[PDB]
Amino acid sequence: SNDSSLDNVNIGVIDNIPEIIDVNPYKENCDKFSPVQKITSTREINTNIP
Amino acid sequence: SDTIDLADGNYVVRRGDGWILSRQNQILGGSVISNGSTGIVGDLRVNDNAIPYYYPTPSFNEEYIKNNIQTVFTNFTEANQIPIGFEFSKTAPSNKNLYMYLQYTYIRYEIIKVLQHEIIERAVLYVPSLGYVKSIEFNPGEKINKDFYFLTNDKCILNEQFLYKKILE
Ligand SMILES: [Mg+2]
């Protein structure tokens with residue numbers, strides 16, 4: 001569990017990899033984006049001691 | 001080579017196509033065909049076999065060479081991602097055996113430094129262009145010349161070129 005995780009990332013070799021030009025797309029690569037809604041509930045509690 | 005008729009400074013030079021390296025002749029492999037058959041040996045210049053070989057100098061590192069060559073001559077970084085094929089076909093005579101071996105050809109680029117009209121520094125880049133095969137018909141146990149197999153120094157199978165451009169500061 002050492003404080004070192006990106007040691008195996010070699011910037012030089014990565015920078016030498018050419019960009020992806022001829023893309024062979026996969027047709028159904030995404031889902032319908034479903035937004036998440038949230039109703040915030042409020043409690044009302046009484047007290048005599050502050 | 002020494003004392004060119006050029007002004008002082010740095011130059012990018014194209015030496016032409018058809019350069020084969022020393023001791024690298026038969027490292028690709030060979031084919032033995034016989035008795036009227038036809039052998040076809042070829043390759044596809046893509047990815048790792050298209051990576052150029054660099055030979056830098058203290059003044060001319062890898063980036064200097066690559067950028068200057070690509071600014072003046074053909075951009076080999078873009079062009080080596082597109083696969084390009086080549087092939088050679090040879091037919092064996094009847095009742096005889098023929099051997100054929102393949103070796104890549106290279107574009108030879110140079111970065112030279114001229115000081116008082118005499119070359120004092122030269123760095124060399126080999127860019128893998130295409131291939132070249134050599135063939136010979138052989139008898140069982142026949143001796144073969146040492147020149148057919150082995151190459152001592154880097155040489156150009158075609159006429160050498162010298163296309164120079166002065167690198168501007
Ligand atoms: Mg170009």
# chains A, B, ... in the order shown; residues from 1 in each chain; ligands from 1
$ select_by_dssp --residues "range 42-166 of chain B" --states "strand (DSSP E or B)" --output "PyMOL selection string"
chain B and resi 42-45+53-55+84-91+97-114+119-138+155-156+163-166
$ write_last_selection --atoms "C-alpha atoms" --output "compact mmCIF listing (two decimals), in the first residue's frame"
# COMPACT_ATOMS: atom_id res chain seq x y z
CA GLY B 42 6.93 -9.87 -49.20
CA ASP B 43 6.14 -7.68 -46.23
CA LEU B 44 3.81 -4.97 -44.93
CA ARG B 45 5.44 -1.80 -43.56
CA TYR B 53 16.63 3.84 -36.56
CA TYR B 54 18.49 6.85 -35.14
CA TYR B 55 22.22 7.50 -34.80
CA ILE B 84 2.23 -0.32 -47.47
CA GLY B 85 2.94 -3.75 -48.93
CA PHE B 86 5.66 -5.08 -51.19
CA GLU B 87 6.45 -8.46 -52.73
CA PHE B 88 9.02 -10.24 -54.91
CA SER B 89 8.29 -13.33 -57.01
CA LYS B 90 10.87 -15.66 -58.55
CA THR B 91 10.42 -18.93 -60.46
CA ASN B 97 16.79 -25.41 -56.47
CA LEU B 98 16.71 -21.64 -55.95
CA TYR B 99 17.26 -19.65 -52.76
CA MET B 100 15.93 -16.15 -52.13
CA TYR B 101 16.40 -13.92 -49.09
CA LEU B 102 14.81 -10.61 -48.13
CA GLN B 103 16.15 -7.51 -46.40
CA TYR B 104 14.58 -4.11 -45.78
CA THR B 105 15.66 -0.99 -47.64
CA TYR B 106 16.00 2.35 -45.86
CA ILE B 107 15.94 6.05 -46.65
CA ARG B 108 19.21 7.48 -45.35
CA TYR B 109 19.04 11.02 -43.96
CA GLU B 110 22.01 12.94 -42.58
CA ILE B 111 22.43 15.96 -40.32
CA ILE B 112 25.85 17.42 -41.05
CA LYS B 113 27.84 20.32 -39.60
CA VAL B 114 30.16 22.20 -41.95
CA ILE B 119 32.31 18.18 -42.43
CA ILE B 120 33.08 17.90 -38.71
CA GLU B 121 29.92 16.13 -37.47
CA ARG B 122 27.39 13.75 -39.03
CA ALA B 123 24.29 12.11 -37.54
CA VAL B 124 22.32 9.51 -39.49
CA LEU B 125 18.66 8.42 -39.63
CA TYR B 126 17.43 5.29 -41.43
CA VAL B 127 13.71 5.27 -42.26
CA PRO B 128 12.32 1.87 -43.34
CA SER B 129 11.06 2.37 -46.91
CA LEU B 130 10.63 -1.07 -48.53
CA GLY B 131 12.49 -4.32 -49.17
CA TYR B 132 14.90 -6.02 -51.55
CA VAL B 133 15.53 -9.70 -52.23
CA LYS B 134 18.49 -11.59 -53.65
CA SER B 135 18.29 -14.99 -55.35
CA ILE B 136 20.69 -17.68 -56.54
CA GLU B 137 20.35 -21.12 -58.12
CA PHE B 138 22.35 -23.72 -56.22
CA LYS B 155 25.58 0.56 -48.86
CA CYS B 156 22.99 1.82 -51.35
CA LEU B 163 19.98 16.70 -51.42
CA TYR B 164 21.04 19.35 -48.91
CA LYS B 165 19.18 22.19 -47.23
CA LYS B 166 20.75 24.61 -44.76
$ residues_near_ligand --ligand "ligand 1" --cutoff "9 Å" --atoms "only C-alpha atoms and all ligand atoms" --output "PDB file with N, CA and C atoms, in the first residue's frame"
ATOM      1  N   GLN B  70      11.709  15.929 -41.120  1.00  0.00           N
ATOM      2  CA  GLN B  70      10.299  15.972 -41.481  1.00  0.00           C
ATOM      3  C   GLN B  70       9.883  17.343 -41.995  1.00  0.00           C
ATOM      4  N   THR B  71      10.530  18.412 -41.525  1.00  0.00           N
ATOM      5  CA  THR B  71      10.244  19.734 -42.071  1.00  0.00           C
ATOM      6  C   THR B  71      10.647  19.819 -43.538  1.00  0.00           C
ATOM      7  N   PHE B  73      11.912  16.946 -45.685  1.00  0.00           N
ATOM      8  CA  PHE B  73      11.591  15.792 -46.510  1.00  0.00           C
ATOM      9  C   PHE B  73      10.262  15.168 -46.078  1.00  0.00           C
ATOM     10  N   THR B  74       9.965  13.992 -46.633  1.00  0.00           N
ATOM     11  CA  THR B  74       8.691  13.324 -46.385  1.00  0.00           C
ATOM     12  C   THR B  74       8.472  13.079 -44.897  1.00  0.00           C
ATOM     13  N   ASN B  75       7.273  13.411 -44.426  1.00  0.00           N
ATOM     14  CA  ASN B  75       6.884  13.195 -43.033  1.00  0.00           C
ATOM     15  C   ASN B  75       6.637  11.706 -42.828  1.00  0.00           C
ATOM     16  N   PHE B  76       7.589  11.024 -42.194  1.00  0.00           N
ATOM     17  CA  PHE B  76       7.509   9.579 -42.031  1.00  0.00           C
ATOM     18  C   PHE B  76       6.728   9.148 -40.797  1.00  0.00           C
ATOM     19  N   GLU B  78       3.591  10.334 -39.952  1.00  0.00           N
ATOM     20  CA  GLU B  78       2.232  10.143 -40.447  1.00  0.00           C
ATOM     21  C   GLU B  78       2.167   9.007 -41.459  1.00  0.00           C
ATOM     22  N   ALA B  79       3.149   8.932 -42.358  1.00  0.00           N
ATOM     23  CA  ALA B  79       3.097   7.999 -43.478  1.00  0.00           C
ATOM     24  C   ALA B  79       3.365   6.555 -43.077  1.00  0.00           C
TER      25      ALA B  79
END
$ select_by_dssp --residues "range 38-148 of chain B" --states "helix (DSSP H, G or I)" --output "PyMOL selection string"
chain B and resi 47-50+62-72+76-79+146-148
$ interface_residues --of "chain B" --to "chain A" --cutoff "10 Å" --atoms "only C-alpha atoms" --output "MDAnalysis selection string"
chainID B and resid 47 77:78 81
$ decode --residues "range 28-49 of chain A" --atoms "N, CA and C atoms" --output "PDB file, in the first residue's frame"
ATOM      1  N   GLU A  28     -23.754   0.394 -30.564  1.00  0.00           N
ATOM      2  CA  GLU A  28     -24.447   0.707 -29.316  1.00  0.00           C
ATOM      3  C   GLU A  28     -23.419   0.758 -28.192  1.00  0.00           C
ATOM      4  N   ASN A  29     -22.779   1.918 -28.066  1.00  0.00           N
ATOM      5  CA  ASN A  29     -21.707   2.128 -27.105  1.00  0.00           C
ATOM      6  C   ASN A  29     -22.137   2.949 -25.897  1.00  0.00           C
ATOM      7  N   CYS A  30     -23.391   3.391 -25.841  1.00  0.00           N
ATOM      8  CA  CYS A  30     -23.842   4.261 -24.766  1.00  0.00           C
ATOM      9  C   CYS A  30     -25.251   3.877 -24.343  1.00  0.00           C
ATOM     10  N   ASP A  31     -25.655   4.408 -23.194  1.00  0.00           N
ATOM     11  CA  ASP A  31     -26.995   4.243 -22.657  1.00  0.00           C
ATOM     12  C   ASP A  31     -27.737   5.571 -22.712  1.00  0.00           C
ATOM     13  N   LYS A  32     -29.046   5.492 -22.502  1.00  0.00           N
ATOM     14  CA  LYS A  32     -29.854   6.692 -22.333  1.00  0.00           C
ATOM     15  C   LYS A  32     -29.520   7.317 -20.986  1.00  0.00           C
ATOM     16  N   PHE A  33     -29.106   8.581 -20.994  1.00  0.00           N
ATOM     17  CA  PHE A  33     -28.702   9.228 -19.752  1.00  0.00           C
ATOM     18  C   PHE A  33     -29.930   9.526 -18.900  1.00  0.00           C
ATOM     19  N   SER A  34     -29.989   8.912 -17.719  1.00  0.00           N
ATOM     20  CA  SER A  34     -31.117   9.087 -16.821  1.00  0.00           C
ATOM     21  C   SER A  34     -30.731  10.035 -15.697  1.00  0.00           C
ATOM     22  N   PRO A  35     -31.254  11.258 -15.670  1.00  0.00           N
ATOM     23  CA  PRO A  35     -30.941  12.171 -14.566  1.00  0.00           C
ATOM     24  C   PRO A  35     -31.492  11.660 -13.245  1.00  0.00           C
ATOM     25  N   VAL A  36     -30.823  12.050 -12.163  1.00  0.00           N
ATOM     26  CA  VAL A  36     -31.206  11.668 -10.810  1.00  0.00           C
ATOM     27  C   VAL A  36     -31.819  12.878 -10.123  1.00  0.00           C
ATOM     28  N   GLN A  37     -33.021  12.702  -9.585  1.00  0.00           N
ATOM     29  CA  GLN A  37     -33.739  13.751  -8.876  1.00  0.00           C
ATOM     30  C   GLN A  37     -33.760  13.444  -7.386  1.00  0.00           C
ATOM     31  N   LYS A  38     -33.855  14.498  -6.577  1.00  0.00           N
ATOM     32  CA  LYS A  38     -33.811  14.361  -5.126  1.00  0.00           C
ATOM     33  C   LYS A  38     -34.784  15.344  -4.496  1.00  0.00           C
ATOM     34  N   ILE A  39     -35.707  14.826  -3.693  1.00  0.00           N
ATOM     35  CA  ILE A  39     -36.598  15.644  -2.879  1.00  0.00           C
ATOM     36  C   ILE A  39     -35.986  15.751  -1.490  1.00  0.00           C
ATOM     37  N   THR A  40     -35.680  16.974  -1.069  1.00  0.00           N
ATOM     38  CA  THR A  40     -35.073  17.212   0.234  1.00  0.00           C
ATOM     39  C   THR A  40     -36.170  17.350   1.281  1.00  0.00           C
ATOM     40  N   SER A  41     -36.198  16.426   2.235  1.00  0.00           N
ATOM     41  CA  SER A  41     -37.186  16.456   3.301  1.00  0.00           C
ATOM     42  C   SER A  41     -36.667  17.275   4.475  1.00  0.00           C
ATOM     43  N   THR A  42     -37.585  17.973   5.137  1.00  0.00           N
ATOM     44  CA  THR A  42     -37.266  18.794   6.297  1.00  0.00           C
ATOM     45  C   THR A  42     -38.061  18.305   7.496  1.00  0.00           C
ATOM     46  N   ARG A  43     -37.362  18.021   8.589  1.00  0.00           N
ATOM     47  CA  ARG A  43     -38.004  17.695   9.851  1.00  0.00           C
ATOM     48  C   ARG A  43     -38.171  18.965  10.676  1.00  0.00           C
ATOM     49  N   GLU A  44     -39.182  18.969  11.539  1.00  0.00           N
ATOM     50  CA  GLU A  44     -39.472  20.114  12.403  1.00  0.00           C
ATOM     51  C   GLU A  44     -39.565  19.591  13.832  1.00  0.00           C
ATOM     52  N   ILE A  45     -38.495  19.741  14.608  1.00  0.00           N
ATOM     53  CA  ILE A  45     -38.425  19.149  15.939  1.00  0.00           C
ATOM     54  C   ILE A  45     -38.385  20.262  16.977  1.00  0.00           C
ATOM     55  N   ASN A  46     -39.154  20.085  18.046  1.00  0.00           N
ATOM     56  CA  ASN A  46     -39.302  21.081  19.096  1.00  0.00           C
ATOM     57  C   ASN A  46     -38.448  20.713  20.301  1.00  0.00           C
ATOM     58  N   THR A  47     -38.015  21.737  21.034  1.00  0.00           N
ATOM     59  CA  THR A  47     -37.223  21.503  22.233  1.00  0.00           C
ATOM     60  C   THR A  47     -37.355  22.693  23.169  1.00  0.00           C
ATOM     61  N   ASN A  48     -37.274  22.413  24.470  1.00  0.00           N
ATOM     62  CA  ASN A  48     -37.250  23.457  25.486  1.00  0.00           C
ATOM     63  C   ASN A  48     -35.843  23.804  25.946  1.00  0.00           C
ATOM     64  N   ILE A  49     -34.911  22.862  25.865  1.00  0.00           N
ATOM     65  CA  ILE A  49     -33.509  23.114  26.184  1.00  0.00           C
ATOM     66  C   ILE A  49     -32.805  23.527  24.895  1.00  0.00           C
TER      67      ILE A  49
END
